[PDB]
């Protein structure tokens, strides 16, 4: 079993900066994909950013150029650096991890875990 704990969630004024962190109980070095999902009340879960084992990154159009995802291998921590925050960016942010690359469900989708969530509120 793998535990994912987010932190850093709080309220923030527009135009500010905030970094979220996700603590993994297992070494993150060989993990295929680590994701940040955000969910606002009355909305669906949205893929915000993704970090891959090769070092590649994928961002949604809405957060592109303002958000930066990165992993600290030594601290087993995934970071989401959020800059130039807008009130629409208010959501509960979810840490997601996928240990392996399994497109065909060959391994039954094992190695996928979800964090508890961290609330970010942009107001005033």
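Numbering follows the first chain given and starts at 1.
When the C-alpha B-factors of 24-32 and 41-49 are averaged, 41-49 comes out higher. The mean Cα B-factor in the deposited entry runs higher for 58-66 than for the other of 58-66 and 91-99. When the modelled residues of the chain are ordered by their C-alpha B factor, residue 18 lands in the middle third. Residue-level temperature factors show residue 73 in the middle third of its chain, judged at the C-alpha atom.
Among the modelled residues of its chain, residue 107 has a C-alpha B-factor that falls in the middle third according to the deposited record.
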